[PDB]
Structure formats: C-alpha cells, structure tokens
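Inspection log for the structure reproduced underneath, given as structure tokens.
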Amino acid sequence: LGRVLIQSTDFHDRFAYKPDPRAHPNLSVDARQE
Amino acid sequence: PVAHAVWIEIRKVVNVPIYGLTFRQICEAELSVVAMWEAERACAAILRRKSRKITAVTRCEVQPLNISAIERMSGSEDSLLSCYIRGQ
Amino acid sequence: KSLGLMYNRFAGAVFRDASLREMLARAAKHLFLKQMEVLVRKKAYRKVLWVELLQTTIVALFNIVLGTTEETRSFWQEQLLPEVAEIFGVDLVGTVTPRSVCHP
Amino acid sequence: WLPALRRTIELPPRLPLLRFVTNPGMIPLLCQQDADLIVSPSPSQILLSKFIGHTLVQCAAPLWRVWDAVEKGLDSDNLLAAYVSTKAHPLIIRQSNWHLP
Amino acid sequence: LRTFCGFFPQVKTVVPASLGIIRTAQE
Amino acid sequence: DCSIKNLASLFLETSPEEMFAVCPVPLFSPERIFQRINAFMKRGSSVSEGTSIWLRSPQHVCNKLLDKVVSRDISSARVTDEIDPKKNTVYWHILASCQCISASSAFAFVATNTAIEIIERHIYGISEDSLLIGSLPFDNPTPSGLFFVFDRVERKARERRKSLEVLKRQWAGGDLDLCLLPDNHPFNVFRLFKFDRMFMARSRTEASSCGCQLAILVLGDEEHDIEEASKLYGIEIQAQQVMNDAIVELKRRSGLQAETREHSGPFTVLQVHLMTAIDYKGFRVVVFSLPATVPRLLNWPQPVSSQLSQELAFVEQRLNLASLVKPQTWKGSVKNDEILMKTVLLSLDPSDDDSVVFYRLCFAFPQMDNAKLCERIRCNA
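Here it is as structure tokens:
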C-alpha cells in the first residue's frame, strides 16, 4: 500500500530471499522515511 | 349550513400493487381516480361521467415489488405504482 | 437513344465530351435502376428502412462513379462502359479511362 | 493474489474539462497588468492544468473510494488478515494503467 | 427531417403542341 | 477541509509560487465529494415516497452526474472574483466532473469487492478448506454452488476464518447474500453463452440502500471453449469504452445545443452503460449494473422523427461507420442456441423509454480472420 510492511521481532543464510517463519507474527506498516 | 359538494383534491397515489398487467401497459394506460357517494356502489356508468374521473397527466413509476425476491423470480407482473394525479 | 452515332461523327472536343458526359450520365441512371430492380426483387423494404436505403444506394453510386480510388477505375471498365455499349451502341471500352471526364 | 481491472469508464476523454488539460490556453483567467507581457500559456495556466489533470485521474483510481484510509494504512489485526493466506485484499488491486504516478 | 432528402419528382405533363400560344412562337 | 476552498486569486501574474501555497494536491479529498454525492440520492425528484432502487443504482446515478457535467458550459465559465457559488464557475465544474468519475470508481470498487467473493465462495473454496497436497489423493468436489484433524490445525483454522472475516468486513461490505438466477431468467440479454452463470449480490449491510450488482461467470459454450467465452467479454468491455467516448460527446453537444438555444422530454435516450471485467484466479467474472425492471429488446424499425433514431445518427457520424444495429423484430422468448450475432438495444427503465444502453457491440466489429470469433479488428482502429 505504498509503505513498507515489516515484521517486528520480539545465522540466516541470505541467498534464499524469504521471510523467517514464526507463529503469531507482529506485523506493522511504516513508510520508508522511518 | 347543508351539503352540496366535496371537491375531493387527490394529490398522488403511492403503492398501487397493480397485478396482472404488462409493466409497459401500466405506464401506457390512463390511471384515473373516480369519486362516488358510496350508495352508487361502483355503478359502471358513473365511472365514465367526465365529472368524477380525475385522470393522471404525469408519468407513472412501475417500480418492482419488495425486490430481493420477485427480482430472482423474474416475471411478477405485480408492480408498485404511483403518479402525481393532481386535480379536484 | 441514338447518341452513340453522334459520338463517332463529332470532330470538335466540346461536342465530343458533352455527348460522352450525357451517355455516362444515362449509364449511371440505368445502373441505378438495375440495382433498384434487385432491391425490389429481394423484398428488403419489409426489413430495412426504405428512404435511407434509397439514400445509401445513391451515395454508393456517386462514390463509385466519381472517385480517385482504384474501385472507381474497376467499376467503370467492368460495369459502366459495357452498359454504355448495349444502350447507346458504341464500343468505347478501353479509351475513356476515368481521368478524361472526371470533372463535376 | 492480484485481481486485475478492465472497465468501460476509466476517464472519458471527451469531458469538457479535458479541453483545459489538452491545451491550457483557454482557462478563463483574467489579468490585472498588460496581458501581452505574459507567456501565452502562463505558469498559472500550466500549473492549474497539472492540478486539474491529477484530480480527474485520481478520481479514475479504483481505490479512491477509501483513499483517505489507504494513506493511513492498515493497523495490526488487518495486517495479520492479509498475512494468513494468498487472498485478494480489497486494498491491493493489480495496476494496469500506470496513470497515477 | 431525414426522410425527404435527395430525390425530387420529375414531371412530364401534356402541354399540347397545337395551342395558339405555342404555335405563334414556334412559327 | 482538505479542499480547494473557493479557487480565487489566479490573476496570470501571481508567481510560480502561490500555486503550491494555497491548494492541496488531492485538490478534492475523497471525503468531501462522497459527502455531497449522497446528496445526489436524497435531493432527487421522482422518488415517490421512499422507494427509489433504480434511481439510486449506479447505472442511473453516473448518468445524471454526467447530465450535471454537460450543464452550464466552458465558454461562459469564469474564474477569480466569482466567490458566489451556484453559478457557472470553474470551481463548480471541476467539482462536478469529479463527482462523475467518483460515481464510476465507486462502481469499480464494489465491482472488485463482489468479484472475489463469487470465485472463492463458490469455486475455489470447497477445494481450499483442505487438499493442499496433490501427492495425497486429490478429491475435490464439483462446484455445486453454480450447478477429524489434529487440534493445532483445527485451532489455527478457527483463527483463519475469524481473521478473514475482518478482511471481509470494514473495507469490503459487511458480508453479502447471493442469488443463483437459474437458466430461464429474462436477464439472459445480459448473457452471451448458454454455459454462463449469473449471480445477484445485494449489500447485506447498512449501505446506501442500493446494492444490486449482478455478475456473470464465463465457462464456455460446447465447442466455444472457456478462453473463447472469456475473451469475447473482454473485447466487449474494450469496445464499450469507445462508444462511451462517442456518447459523452452526444451528451455534450445535445446539452450545449438545448441549453443555449432554449434559454431565450428527456435529455438523451442513449445513456452510458457501466461495466467492469476482473480476471481473478482462473476466470473473468464481469459485473453489470442491475436494473429494477426486465430488459426488453427494442425493434430497430423506428419512427424517423423519434429520439432514439435521431441522436443515434449523431453517434454514428462521429464513429465514422455505418448502421451498427441491424433490423431486428422481437416478438418474445429466446432460443439459447446459435448465439446472437447482432448488437441489440437494451432499454433499462421502469418509466418511459428515456434511458437505453447498448450491448453486444462485439458483434459490430467484423470477425477479421483471413475463423475464430475472439480475433477481431480493434475497436479504436
């Protein structure tokens, strides 16, 4: 939606581009000035 | 004093559920209200005297009927009808 | 209907292209009546609306007789000029290429 | 998943205001000083054509019904809902015009 | 309006070619 | 606020600045227009007592907002010291045309809202509850809506249907009831092929008491395949845009002529027909606008001096073409075989015939070929 979706998290191989799997995510959206 | 008139002033009909009648025919007829001192008892003849028939002059609205039902059942000649029959 | 004999004997140019213009005017008159025969045979006035059917046949005939396109040169050499030979009695098919009397 | 959109009325290009967009010379702006010492499309003519050009295509955006709350974004429990499964959110439609940017 | 365009009637009536008006001018 | 608020000054020598000093660049916010397009609803005439449906349906509403765009015109419009509203100022007209396209776009958002729930609730949902893995025996039921597992999966499934209900509410309408419309309805003039599926969709919410978006799901017709039936609707949508462009000129010129001449019947019976194609998961689920009454096919043999024949001659001479609709006679009933190869005149109105729409214009541009009926010469060409 124009801004950036992000996963605030409460040895990762790079080269597989993929979100880390986690139960009960903490998704938030902030624009990319912050 | 005594009585010798009534000057009925009909303004507009609202939801006449005109049944068996092609939607078109309804809005292509001559909607007219006819007054009658009860007694008469709808004496056919009276329903023609050009002194009791206030015909419409606007365009009638052959709306559907309740909708969300007759719209799925199609056909349904039944149509809520109205018209600004303005006259005494 | 004996204007074809005059076309051969006319020496000057103003009398030659006037007789030629008259024969081609009578030619498109005859092909309009011939197409009108088709539109009365095929009973089209029951389905298509009449007066505008007359108008679209007229503007089709004028665009195909007067024209600056290849359909004009093909229509002349195949339909108009052979019909001139049958009603006016002179074989002028091949020498009256449409840029000779194309004037209005 | 992206649902596309192909409509009949995007932005009908015969509207009387789109003449102001195509040639911004006939916008009826008066002048106080001499008119001939102005470039024939003035900067107020050209810029007003640009605003009047944004406004029509912003109306043409199919997301414009809820556009005030598109800017504020989804809050937490809506973002989890879009995160559950690959379903068409009513906020992400497939862009097939590149007209707004 | 779009029903009369184009065509006009060509009429070819029967002025007799023996009346005194035509005979005087022709002769 | 967040609006232009009386577009004044603008004297042609102001600055390159002072343009970005008093304006937004959403010049009209999408809240101010929608709080006065619900005026275009409740102020309207011919509402009888309270019963409106066709008047408030987006088919009719976007037409009358077009009849407000054509009204008082450009050549006599004036800017600057015209702070008094309700006159022929440009601030009024930019406000008016923004109502016109917001009516079209509000139909478009409800279009894609209805679109996803047709193809998920009736097609791609019986096989979405389970059957992720095809190496396991894939047994998906046929779609009849068209004619004990472990505790961790069970609780996360209850979380799934509860959280997707938040998706289905708020932004979308708060859930909607469906109708299947069996294969005898007289809405089949909206339909092209015998194996297509109709779906009325009401609001089932507070709404603006409008609802009424019907959709058609393409599936094919025997030797015509499903890609054939979809693509013919696609060329239909792309073709109605061009006649919508010729017809908004008919509103403009007939409105300009009838205003300036008579400032000394209906507006136009060729009203604009609004559609939206979708192309979701595997299908095109094109949505129309629902009429209050039955659509009836009009016979094209018509009076010469009638309205419908008269201003169709203007639309025709703009399109640089010849007679679109062939001579047709319509006694009654249908055939359902040998799909209709001619464009027709739908006449969507309860009132007199003062609002018609065009349909089947895909069968007006020729089949092109060199013979498959999706391959056509382009409408703008």
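Residue numbers (UniProt numbering), protein chains in the order written: chain A, 440 to 449, 465 to 488; chain B, 1180 to 1267; chain C, 3718 to 3821; chain D, 1411 to 1511; chain E, 4001 to 4027; chain F, 411 to 557, 741 to 857, 870 to 975, 997 to 1007.
Ideal Cβ placement from N, Cα and C applies to all residues, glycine included.
{"Check": "Could you check how far apart the C-beta atoms of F970(F) and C1005(F) are, in whole angstroms? I think they sit under 8 Å.", "Outcome": "6 Å"}
{"Check": "Do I414(F) and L785(F) have their beta-carbon atoms positioned less than 9 Å apart in this structure?", "Outcome": "no"}
{"Check": "Taking C-beta to C-beta, are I447(F) and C805(F) nearer than 9 Å?", "Outcome": "no"}
{"Check": "Count Cβ pairs between the segment 871-886 of chain F and the segment 780-795 of chain F that sit closer than 8 Å; are there 3 or more?", "Outcome": "no"}
{"Check": "Between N1507(D), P1511(D), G1483(D), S1495(D), which lies nearest to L1501(D) when the distance is taken from Cα to Cα?", "Outcome": "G1483(D)"}
{"Check": "Between the segment 747-763 of chain F and chain D, which residues of the former have a C-beta closer than 7 Å to a C-beta of the latter?", "Outcome": "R753, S756, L757, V759, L760"}
{"Check": "Between the segment 873-885 of chain F and the segment 950-963 of chain F, can you find at least three pairs of beta-carbon atoms closer than 8 Å?", "Outcome": "yes"}
{"Check": "For the alpha helix (DSSP H) that contains residue 1579(D), what are its first and last residues?", "Outcome": "Since the displayed chain D opens at 1411 and closes at 1511, residue 1579(D) lies outside it and no answer follows."}
{"Check": "Would you list, in chain order, the members of the segment 819-833 of chain F that have their beta-carbon closer than 8 Å to a beta-carbon of chain D?", "Outcome": "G827, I830, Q831, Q833"}
{"Check": "Can you give me the C-alpha to C-alpha distance between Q1242(B) and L1259(B), rounded to a whole angstrom?", "Outcome": "5 Å"}
{"Check": "For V930(F), I'd like the list of residues in its chain whose CB is within less than 6 Å of its CB, leaving aside the five on either flank, ordered along the chain.", "Outcome": "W905, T948"}
{"Check": "CB-CB under 7 Å to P932(F), same chain, minus the five flanking residues each way: which ones, in chain order?", "Outcome": "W905, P906"}
{"Check": "Between the segment 3740-3769 of chain C and chain F, which residues of the former have a C-beta closer than 7 Å to a C-beta of the latter?", "Outcome": "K3764, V3765, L3766"}
{"Check": "Rounded C-beta distance between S952(F) and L895(F)? I'm assuming under 8 Å.", "Outcome": "Going by Cβ atoms, the distance from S952(F) to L895(F) rounds to 15 Å, so no, they are not a contact pair."}
{"Check": "Measuring alpha carbon to alpha carbon, tell me which residue in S756(F), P553(F), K755(F) is nearest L773(F).", "Outcome": "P553(F)"}
{"Check": "In chain order, what residues of the same chain have a beta carbon less than 6 Å from the beta carbon of residue 1148(B), not counting five sequence neighbours either side?", "Outcome": "Given that chain B is displayed from residue 1180 to residue 1267, the structure contains no residue 1148(B) and the question cannot be resolved."}
{"Check": "Could you tell me the boundaries of the alpha helix (DSSP H) in which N3780(C) lies?", "Outcome": "3767-3782"}
{"Check": "Please list the terminal residues of the continuous beta strand (DSSP E) segment that includes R790(F).", "Outcome": "789-794"}
{"Check": "In terms of DSSP beta bridges, what is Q446(A) paired with?", "Outcome": "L481(A)"}
{"Check": "Check each candidate in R1475(D), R1417(D), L1466(D), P1438(D) and name the one with the smallest Cα separation from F893(F).", "Outcome": "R1417(D)"}
{"Check": "Give, in chain order, every residue of the segment 903-923 of chain F whose Cβ lies closer than 9 Å to some Cβ of chain E.", "Outcome": "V909, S910, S914, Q915, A918"}
{"Check": "Going by alpha carbons, who is nearest to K3718(C) out of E3769(C), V3807(C), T3785(C), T3814(C)?", "Outcome": "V3807(C)"}
{"Check": "With DSSP as the reference, please indicate the residues paired to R488(F) in a beta bridge.", "Outcome": "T499(F)"}
{"Check": "Please report the straight-line C-alpha distance between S857(F) and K496(F), rounded to a whole angstrom.", "Outcome": "20 Å"}
{"Check": "Among the residues of its own chain, which have a CB less than 8 Å from the CB of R442(A), if the five just before and after it don't count?", "Outcome": "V483, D484, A485, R486"}
{"Check": "How many Å lie between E799(F) and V811(F) at the Cα?", "Outcome": "31 Å"}
{"Check": "Do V890(F) and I529(F) have their beta-carbon atoms positioned less than 9 Å apart in this structure?", "Outcome": "yes"}
{"Check": "Counting only Cβ pairs nearer than 9 Å, list the residues of chain C close to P779(F).", "Outcome": "Within chain C, no residue comes near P779(F); the closest Cβ sits about 25 Å away, beyond 9 Å."}
{"Check": "Check the Cβ of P900(F) against every Cβ in chain B and list those closer than 9 Å, keeping chain order.", "Outcome": "Here the premise fails: no neighbours, minimum Cβ distance about 11 Å."}
{"Check": "Looking only at its own chain, which residues have a Cβ that is under 6 Å from the Cβ of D954(F), when we skip the five neighbours before and after it?", "Outcome": "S960"}
{"Check": "Nearest-angstrom Cα distance between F783(F) and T898(F)?", "Outcome": "13 Å"}
{"Check": "Do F421(F) and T490(F) come within 9 Å of each other at the CB atom, strictly closer than that value?", "Outcome": "yes"}
{"Check": "Would you call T522(F) buried or exposed, if buried means 16 or more other Cβ atoms sit within 10 Å of its Cβ?", "Outcome": "buried"}
{"Check": "Looking at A1414(D): is its Cβ nearer than 9 Å to the Cβ of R1504(D)?", "Outcome": "yes"}
{"Check": "Here's a check: name, in chain order, each residue in its chain whose Cβ is nearer than 8 Å to the Cβ of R1429(D), leaving out the five neighbours to either side.", "Outcome": "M1436"}
{"Check": "Where do the ends of the alpha helix (DSSP H) carrying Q831(F) lie?", "Outcome": "819-853"}
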